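Input: a single structure, listed below in C-alpha cells.
Protein chains: 2
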Amino acid sequence: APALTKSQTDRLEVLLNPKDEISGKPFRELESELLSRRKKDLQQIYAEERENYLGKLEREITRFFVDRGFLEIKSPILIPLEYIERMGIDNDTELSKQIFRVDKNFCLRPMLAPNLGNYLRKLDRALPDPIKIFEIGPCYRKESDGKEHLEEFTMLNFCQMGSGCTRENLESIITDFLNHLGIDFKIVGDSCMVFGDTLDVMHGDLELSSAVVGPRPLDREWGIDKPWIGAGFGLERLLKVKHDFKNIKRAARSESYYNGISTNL
Amino acid sequence: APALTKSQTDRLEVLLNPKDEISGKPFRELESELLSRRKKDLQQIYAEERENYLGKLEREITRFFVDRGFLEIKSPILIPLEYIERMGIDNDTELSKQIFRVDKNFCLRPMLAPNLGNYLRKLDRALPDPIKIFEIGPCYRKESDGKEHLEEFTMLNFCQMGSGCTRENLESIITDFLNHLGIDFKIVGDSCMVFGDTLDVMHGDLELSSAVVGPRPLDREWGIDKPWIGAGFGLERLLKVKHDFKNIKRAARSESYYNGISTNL
Ligand SMILES: Nc1ncnc2c1ncn2[C@@H]1O[C@H](COP(=O)(O)OP(=O)(O)NP(=O)(O)O)[C@@H](O)[C@H]1O
Ligand SMILES: Nc1ncnc2c1ncn2[C@@H]1O[C@H](COP(=O)(O)OP(=O)(O)NP(=O)(O)O)[C@@H](O)[C@H]1O
Ligand SMILES: [Mg+2]
Ligand SMILES: [Mg+2]
Ligand SMILES: [Mg+2]
Ligand SMILES: [Mg+2]
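Protein sequence lines correspond, in order, to chains A and B. The first sequence runs 4 to 268 under this note's numbering. The second sequence runs 4 to 268 under this note's numbering.
The following block contains the structure:
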C-alpha cells in the first residue's frame, strides 16, 4: 500500500475522466484499468458517432444562429495589423503584447470583431434592417495561464445592427443560447479598455463571454453609425463547462486529447 | 455606344456571376443592373438559407466521411517547425520557401499530413484495423499565382491505415466522394519530391487533389509501419469548380465576396 507519487498521480489524472468511478491498489493496476476504459471510450466513438466535440459544437451553434436569422460568415484568419490599431489597441495595452505577428503587415486574428465590423458596413448596403451575422473560427493570443486559456482557440461572435439592439434582446439571445446548450451562467457588469462597459457572462469564476451594447465611439472608424449589440464566446470554454473538464487542454484542437480522452495510451 | 474601358469591364466582372444573362448599353446602366441583381442574391440568402458556402461544404464533406466510417479530427493549426523537417522538406525544396513561420518554433501548417500521421500512430494503440480518419481545416502557403491559389485555404485530408489500403479502394473513395458532390474529374499519375508517385485528381488543368498509396520510407519517422492510403483536397478549388467561379478569390474566406457575390456594392 505505498502512497502514489505525485508523478504517478499526474499520469492517472491524464487518464481520468470526470464521470469515472474513482484507494489501496498499486499504480500499475490503476493505470491498466484506466487505459482499458479509455480505449473502450475511443472504440465506442469510432463505432458509433465519429464526431469531434469541437466540430460538433460548432455545427450545433451554427444551426442555432442560422435558425434565429443570423447570416453565417467565414472571414480571413490572417488579418492586417492595421485592423488591430483601428480597434484602438495601443501598443501599451495588454492585448498588444498578445498578438501573434506573421509578416510586417499581418497577424493571426486575436478576435473576430474587426472582420464582422467590415461585414456589417458592407452588408448594410444590401440587406434589410436589422442586420444579423455571426462567425465561428480560430483566434490566437499569447497567454501565460494554461488552466482556462489556450494560445489557439475557437471563438463564436454574433452581432446585430439597426433596430432591436437593446440590452434586453442581447441578454435574451444569450439566455436562449446557453439554455439550449445546457450551460449554467450568470450575467455580470465588467469593463475593458477597448469597449467600455461590457456584460460578462460568467460560470462561477470562469468568463464564458464578453458582450457589448453599442454604439461606441470607435464605430465611426469602421464606417458604422447605427445601434448594435454583440457578444463573443470561447467554444473551448463552453466545452470545458459542458463536459466538466478540469483543464481546457481537454477541449482544444490537440494531438494529446480527442473528445477529452488522452490519446497517449 | 462608346466602348467600355478595361477598368469598367473589370468592375462589371467583379459584379458578374457565372449564371448571369450577359452589348450597347452604357457603363452606369450595366453597373446598376448588376448591383441590383447582386443585392437581390444576398437578400435571398439572408431570407432563406443563411449558410456560407465554405462552411456548408465543410459540413457536407464531414457528413460524407463520418457516414463512411472515418473519424473526424480537429488538430492544431500552428504546428512545430520540426514537423516540416520530419516531413523531409529540405530548405532547398520549393515548399520550404512557402512556409509561414510564426515563432522560432512554430509555423502555420501548410498541410494536414503531419498531425494525421501522429493520430494514426496514437490511435493504432486503441482502435481496430482499419484506422480511418479525416480532418478539414485551414492551411497556409505563400504563393505567387492568384487565379487558382490562395495563401489561406481549406484542406480536406482523409486517410486509412491497416487493411484495405489499395489503389483500388482509394480511387473508389475518391470517385464516390466527387460523384456525391457532382464534380467532374479524371485521375492522373504525377510525382512530387516529398511523396514519390502520387495520383493527382484533375479537373481539366486544375489539380483538385494529390493522393498517395503507401507505404513510403519517411513513414518510420512518424512511427507508422503499416500500409496506408490518403488524399488531400482543396475546398476552395472544389467550390470554384462546383460553382464555376472564374477566380478562386470568390470561394475563399474573404471580406470581398460572400458565396461568390461581391460584397462591394
Ligand atoms: N486564450 C483564450 N483561450 C480560450 N478562450 C479564450 C481565450 N481568450 C478569450 N477566450 C474566450 O473568448 C471570449 C471573448 O474574448 P475576450 O472577452 O476578449 O477575452 P478576455 O476578456 O481576455 N477573457 P480572460 O482573458 O479570460 O480574462 C472570452 O470570454 C473567452 O471565453
Ligand atoms: N495555395 C493553394 N490554394 C488553394 N488550394 C490549394 C493550395 N495549395 C494546395 N491546394 C489544394 O490542396 C491540395 C493538396 O495539396 P498539394 O497537392 O500539396 O498542392 P500542390 O500539389 O502544390 N498543387 P499546385 O500548387 O496547384 O500545383 C491540392 O490539390 C489543391 O487542391
Ligand atoms: Mg484575456
Ligand atoms: Mg472579456
Ligand atoms: Mg503548390
Ligand atoms: Mg499536389
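All residues carry an ideal CB built from backbone N, CA and C; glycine is no exception.
Helix or strand or just coil, what does DSSP make of residue i?
{"i": "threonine 201 of chain B", "result": "strand"}
{"i": "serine 166 of chain B", "result": "coil"}
{"i": "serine 147 of chain A", "result": "coil"}
{"i": "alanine 6 of chain A", "result": "coil"}
{"i": "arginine 219 of chain B", "result": "coil"}
{"i": "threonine 157 of chain A", "result": "strand"}
{"i": "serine 212 of chain A", "result": "strand"}
{"i": "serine 194 of chain B", "result": "strand"}
{"i": "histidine 246 of chain B", "result": "coil"}
{"i": "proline 117 of chain B", "result": "helix"}
{"i": "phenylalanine 67 of chain A", "result": "helix"}
{"i": "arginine 256 of chain A", "result": "coil"}
{"i": "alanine 234 of chain B", "result": "strand"}
{"i": "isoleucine 48 of chain B", "result": "helix"}
{"i": "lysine 189 of chain B", "result": "strand"}
{"i": "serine 175 of chain A", "result": "helix"}
{"i": "residue 2 of chain A", "result": "The structure shown has nothing for residue 2 of chain A, since chain A only spans 4 to 268."}
{"i": "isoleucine 87 of chain B", "result": "helix"}
Just checking residue i against ligand 4 - is the residue's beta carbon closer than 7 Å to any of the ligand's heavy atoms?
{"i": "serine 213 of chain A", "result": "yes"}
{"i": "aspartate 208 of chain A", "result": "no"}
{"i": "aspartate 203 of chain A", "result": "yes"}
{"i": "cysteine 110 of chain B", "result": "no"}
{"i": "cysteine 195 of chain A", "result": "yes"}
On a CA-only basis, which of the options is nearest residue i? Give me that one, please.
{"i": "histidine 152 of chain A", "options": "A/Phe188, A/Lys243 and A/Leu130", "result": "A/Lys243"}
{"i": "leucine 81 of chain B", "options": "B/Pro117, B/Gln11 and B/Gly233", "result": "B/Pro117"}
{"i": "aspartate 193 of chain B", "options": "B/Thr201, B/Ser265 and B/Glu54", "result": "B/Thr201"}
{"i": "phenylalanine 236 of chain A", "options": "A/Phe248, A/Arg253, A/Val215 and A/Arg219", "result": "A/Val215"}
{"i": "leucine 211 of chain A", "options": "A/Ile87, A/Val197, A/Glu61 and A/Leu159", "result": "A/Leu159"}
{"i": "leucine 173 of chain A", "options": "A/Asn250, A/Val17, A/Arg71 and A/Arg89", "result": "A/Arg71"}
{"i": "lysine 249 of chain B", "options": "B/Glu239, B/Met90 and B/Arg53", "result": "B/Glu239"}
{"i": "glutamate 146 of chain B", "options": "B/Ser35, B/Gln101 and B/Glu138", "result": "B/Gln101"}
{"i": "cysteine 195 of chain B", "options": "B/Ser213, B/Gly207 and B/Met205", "result": "B/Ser213"}
{"i": "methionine 164 of chain A", "options": "A/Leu111, A/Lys77 and A/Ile232", "result": "A/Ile232"}
{"i": "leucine 184 of chain A", "options": "A/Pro218, A/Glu258, A/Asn20 and A/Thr65", "result": "A/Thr65"}
{"i": "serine 78 of chain B", "options": "B/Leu115, B/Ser257 and B/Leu84", "result": "B/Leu115"}
{"i": "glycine 27 of chain A", "options": "A/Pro21, A/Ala4, A/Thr12 and A/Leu18", "result": "A/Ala4"}
{"i": "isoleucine 139 of chain A", "options": "A/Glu171, A/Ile186 and A/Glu75", "result": "A/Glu75"}
{"i": "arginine 223 of chain B", "options": "B/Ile134, B/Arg112 and B/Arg89", "result": "B/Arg89"}
{"i": "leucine 268 of chain A", "options": "A/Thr96, A/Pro21, A/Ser10 and A/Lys43", "result": "A/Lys43"}
{"i": "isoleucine 134 of chain B", "options": "A/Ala234, A/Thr12 and A/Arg53", "result": "A/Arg53"}
{"i": "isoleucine 87 of chain A", "options": "A/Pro113, A/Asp179 and A/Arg62", "result": "A/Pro113"}
Report yes if the C-beta of residue i is less than 7 Å from at least one heavy atom of ligand 1; otherwise report no.
{"i": "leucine 153 of chain A", "result": "yes"}
{"i": "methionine 90 of chain A", "result": "no"}
{"i": "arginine 240 of chain A", "result": "yes"}
{"i": "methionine 114 of chain B", "result": "no"}
State yes or no: is the C-beta of residue i nearer than 7 Å to some heavy atom of ligand 2?
{"i": "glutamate 138 of chain B", "result": "no"}
{"i": "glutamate 97 of chain A", "result": "no"}
{"i": "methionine 164 of chain A", "result": "no"}
{"i": "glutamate 146 of chain B", "result": "yes"}
{"i": "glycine 235 of chain B", "result": "yes"}
{"i": "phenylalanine 156 of chain B", "result": "yes"}
Which residues in the same chain as residue i place their Cβ atom closer than 6 Å to its Cβ, once the five residues preceding and following it in sequence are excluded?
{"i": "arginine 253 of chain B", "result": "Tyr260 and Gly263"}
{"i": "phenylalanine 137 of chain B", "result": "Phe68, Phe73 and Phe161"}
{"i": "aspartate 203 of chain B", "result": "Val191, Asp193, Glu210 and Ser213"}
{"i": "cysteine 168 of chain A", "result": "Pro230, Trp231 and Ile232"}
{"i": "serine 257 of chain A", "result": "none"}
{"i": "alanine 255 of chain A", "result": "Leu153 and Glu239"}
Check whether the Cβ of residue i lies closer than 7 Å to any heavy atom of ligand 6, and answer yes or no.
{"i": "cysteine 168 of chain B", "result": "no"}
Only counting the same chain, and skipping five residues up and downstream in sequence, which positions put a Cβ closer than 7 Å to that of residue i?
{"i": "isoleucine 92 of chain B", "result": "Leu98, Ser99 and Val197"}
{"i": "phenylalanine 188 of chain B", "result": "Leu181, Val204, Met205, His206 and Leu211"}
{"i": "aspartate 132 of chain A", "result": "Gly165 and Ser166"}
{"i": "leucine 60 of chain B", "result": "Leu238, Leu241 and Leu242"}
{"i": "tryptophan 225 of chain A", "result": "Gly120, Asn121 and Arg124"}
{"i": "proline 141 of chain B", "result": "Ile80, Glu155 and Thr157"}
{"i": "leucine 111 of chain B", "result": "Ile80, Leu81, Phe103, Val105 and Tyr143"}
{"i": "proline 83 of chain A", "result": "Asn108 and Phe109"}
So, does the CB of residue i fall closer than 8 Å to a CB anywhere in chain C?
{"i": "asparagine 250 of chain B", "result": "Protein chains in the displayed structure are A and B, and chain C is not among them."}
Who are the Cβ neighbours of residue i in its own chain at under 8 Å, not counting the five residues just before and after it?
{"i": "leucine 15 of chain A", "result": "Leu7, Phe30, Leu33, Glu34 and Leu37"}
{"i": "residue 1 of chain B", "result": "The question about residue 1 of chain B has no answer here: the residues shown for chain B are numbered 4 through 268."}
{"i": "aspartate 228 of chain B", "result": "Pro218 and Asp222"}
**OP:** Take every Cβ of the region 111-130 of chain A, pair it with every Cβ of the region 121-128 of chain B, and state whether three or more of those distances are shorter than 8 Å.
**Re:** Flag = no, the region 111-130 of chain A and the region 121-128 of chain B do not touch.
Original post:
Do three or more CB pairs link the region 33-40 of chain B to the region 99-111 of chain B at distances below 8 Å?
Top reply: no
**OP:** Would you check if the region 11-26 of chain B and the region 42-49 of chain A touch, i.e. whether three or more CB-CB distances between them fall below 8 Å?
**Re:** no
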